[PDB]
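A.B. asks: Pasting a structure below so you can have a look.
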Amino acid sequence: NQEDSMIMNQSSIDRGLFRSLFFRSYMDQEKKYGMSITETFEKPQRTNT
Amino acid sequence: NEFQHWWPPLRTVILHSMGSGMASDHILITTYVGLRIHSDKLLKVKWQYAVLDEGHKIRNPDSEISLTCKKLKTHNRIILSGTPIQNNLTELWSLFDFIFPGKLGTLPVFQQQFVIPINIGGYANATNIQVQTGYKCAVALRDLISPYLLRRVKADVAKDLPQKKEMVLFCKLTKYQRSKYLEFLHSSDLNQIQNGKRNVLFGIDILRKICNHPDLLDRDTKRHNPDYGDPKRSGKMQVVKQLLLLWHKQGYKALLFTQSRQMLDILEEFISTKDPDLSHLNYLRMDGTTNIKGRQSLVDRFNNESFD
């Protein structure tokens, strides 16, 4: 911990000290174009895309 | 054919795949595209008597054909336009300039002045700005040009022309068609014209496609081809079916005029397979890709067709 670093008790981390949850939300919507085309959700096939 | 029939001695030749020509002695015939191709000395020959057959093909002043003809200046240049003005008086200006350059004003004088619309005073009688009293100015130009144009009406000698009918049918837009029409109208305004580009200038194309073939309104028609077209989505197809069936039972040889070949093929598939009632009628086909020999053969068949 010689510079501004520090030492942390490992056994305190193992009991839940400073544990945090992280959430990340991904968004995606069908594209506006509906004039004879579109962009739809599905499961792409290796043989058809 | 006419040259060699009426006047054999005339020395006429075809500038399509010929030779000699200028090397030999009188008359030369060429194609407009051929004229473009032969931008060589040929334009400097100064053909004493220059006559253009399809004047309708040089209507546009900016068209390359018209300008190419214009560079070939000769003391006597003539046009045999199949038809007079069809779109704009600038076409007449271009024609007259080719034949009579110095007898008419330049493009500006013509457009700002020699224009039947408000430009020349469509309300020349100081009436409503609507073009209803625009006379004594455009009429003057017409009388000035009459000493330079000839016209015989078919009725003049060809009175044997049975009655013509201006029967403008009317159709009803289906609920599907109406919904798509309204959707496009509401979503059309992006720049409110987007310089046209499928919104106003060619959004007209989208509207036409909705009107005619809403079922197959897409470039990728093959996905819908198994199940479409569907005449239920277009009452115009129903009217066509009714008229065709009536004329088949009445044994009338019917001509159908269509738009871009996609609509042509859709109608062909409809009549051939979609409706068994129309399938009973034998039909013929034509397009812009048909061979010239095949085109002539089909025309001859139609003139004496057993089809419907």
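Residues in the structure tokens are numbered from 1 in each chain, the chains being A, B, ... in the order shown, and ligands are numbered from 1 in the order shown.
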Give as a PyMOL selection string every residue of chain A that touches chain B within 9 Å, counting only C-alpha atoms.
C.D. replies: chain A and resi 35-37
A.B. asks: Can you list, as an MDAnalysis selection string, all residues belonging to segment 48-292 of chain B that DSSP tags as strand (DSSP E or B)?
C.D. replies: chainID B and resid 49:52 76:79
A.B. asks: Please provide the set of residues having any atom within 8 Å of residue 116 of chain B, restricted to only C-alpha atoms, with same-chain residues fewer than 3 positions apart removed, written as a count of residues only.
C.D. replies: 7
A.B. asks: May I have the residues within 12 Å of residue 28 of chain A as an MDAnalysis selection string, using only C-alpha atoms and disregarding those fewer than 5 positions away in the same chain?
C.D. replies: chainID A and resid 39:41
A.B. asks: If we count only C-alpha atoms, what is near residue 200 of chain B at a cut-off of 8 Å, once residues fewer than 5 positions away on the same chain are taken out, given as a PDB file with N, CA, C and O atoms, in the first residue's frame?
C.D. replies:
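What follows is the written file around20.pdb:
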```
ATOM      1  N   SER B 188     -45.260  10.289 -46.396  1.00  0.00           N
ATOM      2  CA  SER B 188     -44.529  10.803 -47.550  1.00  0.00           C
ATOM      3  C   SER B 188     -43.668  12.003 -47.177  1.00  0.00           C
ATOM      4  O   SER B 188     -42.524  12.120 -47.630  1.00  0.00           O
ATOM      5  N   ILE B 193     -40.809  17.136 -50.224  1.00  0.00           N
ATOM      6  CA  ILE B 193     -40.656  16.690 -51.604  1.00  0.00           C
ATOM      7  C   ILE B 193     -39.512  15.690 -51.712  1.00  0.00           C
ATOM      8  O   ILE B 193     -39.485  14.858 -52.625  1.00  0.00           O
ATOM      9  N   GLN B 194     -38.576  15.750 -50.764  1.00  0.00           N
ATOM     10  CA  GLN B 194     -37.287  15.065 -50.873  1.00  0.00           C
ATOM     11  C   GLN B 194     -36.778  15.091 -52.311  1.00  0.00           C
ATOM     12  O   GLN B 194     -36.304  14.089 -52.852  1.00  0.00           O
TER      13      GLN B 194
END
```
A.B. asks: As a PyMOL selection string, please: every residue in chain A that a backbone DSSP assignment puts in helix (DSSP H, G or I).
C.D. replies: chain A and resi 10-13
A.B. asks: Would you pick out the contacts of segment 25-31 of chain B at 8 Å or less, using only C-alpha atoms, so that residues sharing its chain but fewer than 3 positions from it are not included, and give the list as a PyMOL selection string?
C.D. replies: chain B and resi 10-16+21-22+34-35
A.B. asks: Report as a short mmCIF file (atom, residue, chain, number, x, y, z; two decimals) with N, CA and C atoms, in the first residue's frame all protein, DNA and RNA residues lying within 10 Å of segment 86-89 of chain B, evaluated on only C-alpha atoms, omitting residues in the same chain fewer than 6 positions from it.
C.D. replies:
```
data_model
loop_
_atom_site.label_atom_id
_atom_site.label_comp_id
_atom_site.auth_asym_id
_atom_site.auth_seq_id
_atom_site.Cartn_x
_atom_site.Cartn_y
_atom_site.Cartn_z
N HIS B 56 -40.47 14.71 -83.75
CA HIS B 56 -40.84 14.49 -82.36
C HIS B 56 -39.66 14.01 -81.52
N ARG B 59 -37.71 17.24 -80.00
CA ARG B 59 -38.53 18.23 -79.30
C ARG B 59 -37.74 18.92 -78.20
N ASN B 60 -36.96 18.17 -77.45
CA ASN B 60 -36.24 18.73 -76.31
C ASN B 60 -35.04 19.52 -76.81
N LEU B 95 -37.83 23.28 -82.82
CA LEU B 95 -38.08 22.89 -84.20
C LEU B 95 -37.86 24.08 -85.14
N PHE B 110 -38.62 33.75 -76.13
CA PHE B 110 -39.73 32.82 -76.29
C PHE B 110 -40.37 32.49 -74.95
N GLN B 111 -39.57 32.09 -73.96
CA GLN B 111 -40.15 31.58 -72.72
C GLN B 111 -40.83 32.69 -71.92
N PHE B 114 -43.19 34.27 -75.49
CA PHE B 114 -43.96 33.38 -76.36
C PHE B 114 -44.36 32.12 -75.59
N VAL B 115 -45.28 32.32 -74.65
CA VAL B 115 -45.78 31.23 -73.82
C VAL B 115 -47.25 31.49 -73.49
N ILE B 116 -48.13 30.64 -74.00
CA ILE B 116 -49.58 30.82 -73.88
C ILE B 116 -49.96 31.07 -72.42
#
```
A.B. asks: Just to confirm, what's the straight-line distance from atom CA of residue 231 of chain B to atom CA of residue 203 of chain B in Å (one decimal)?
C.D. replies: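 Separating atom CA of residue 231 of chain B from atom CA of residue 203 of chain B is a distance of 22.7 Å.
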A.B. asks: Give me, please, the distance in Å between atom CA of residue 78 of chain B and atom CA of residue 144 of chain B, quoted to one decimal.
C.D. replies: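 Interatomic distance here is 17.5 Å.
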A.B. asks: Which distance in Å separates atom CA of residue 254 of chain B and atom CA of residue 295 of chain B, to one decimal?
C.D. replies: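 Calculated distance between atom CA of residue 254 of chain B and atom CA of residue 295 of chain B is 17.5 Å.
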